[PDB]
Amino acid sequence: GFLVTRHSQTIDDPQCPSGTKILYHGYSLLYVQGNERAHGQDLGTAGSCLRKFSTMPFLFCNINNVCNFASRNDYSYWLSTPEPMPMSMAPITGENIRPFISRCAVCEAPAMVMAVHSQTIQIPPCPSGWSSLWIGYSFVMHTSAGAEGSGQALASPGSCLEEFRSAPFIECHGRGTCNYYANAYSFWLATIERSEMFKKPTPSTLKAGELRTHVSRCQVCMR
């Protein structure tokens, strides 16, 4: 009973790739931050797909048997949509958060699923005897508040985001506010030419329109 988790990066429920039956839908969870420590859910795994959304989907308990819910300064992070940031750059609150949160689908697969990386602008071909589920971009890691964050296993479908976003995730707080922040970095595999592997990498600052020219491509395959 193999599983494949797919993220739409939009407000709509993503359809299961050709060959896989649907189990349940939910909201795309990237990572949580509790007591200033980041803990993540791998996007390729079903743990990145919570059935219910909350800016604070967790509480903490101590040795004195005292639990606190949304009482301190903790974070939750979800994959974001193409929904534009309000022009005032103000914290998004209440039910205005729904259009910002990505949706996901946990699908039952007849066989094992994997992701391949090219380290090139060209799409990496699937291994011999493996059929393609989807293509995308190489999503390695991310850091937001206190430069804390998590990443993805490069063999997992979670390292393969179907749609490239310069801001792929939104920061939500237990105070009930969500917003993009300047320190929210996203890390993607670089395009490396085979002839330049063991040469000094040439520094490149990429403007809008050139962003994906140095971003590696990926394909999620199933046997």
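Quick note: we count residues from 1 along the sequence shown, nothing fancier.
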Check: Between 101 to 109 and 148 to 156, which has the larger average Cα B-factor in the PDB entry?
Finding: 101 to 109
Note to self: Averaging CA B factors per stretch from the PDB record, which one is higher: 83 to 91 or 113 to 121?
What the structure shows: 83 to 91
Check: Highest Cα B-factor in the deposition, which of 128, 73, 143, 76?
Finding: 128
Margin query: By the recorded C-alpha temperature factor, relative to the other modelled residues in its chain, which third is residue 175 in?
Written below: middle
Check: Would the CA B-factor of residue 64 place it in the lowest, middle or highest third of its chain?
Finding: middle
Item checked: residue 208 - Cα temperature factor, lowest/middle/highest third of chain -> highest
Check: With respect to C-alpha B-factor, does residue 33 fall in the lowest, middle or highest third of the chain as deposited?
Finding: lowest
Item checked: residue 191 by Cα B-factor - lowest, middle or highest third of the modelled chain -> middle
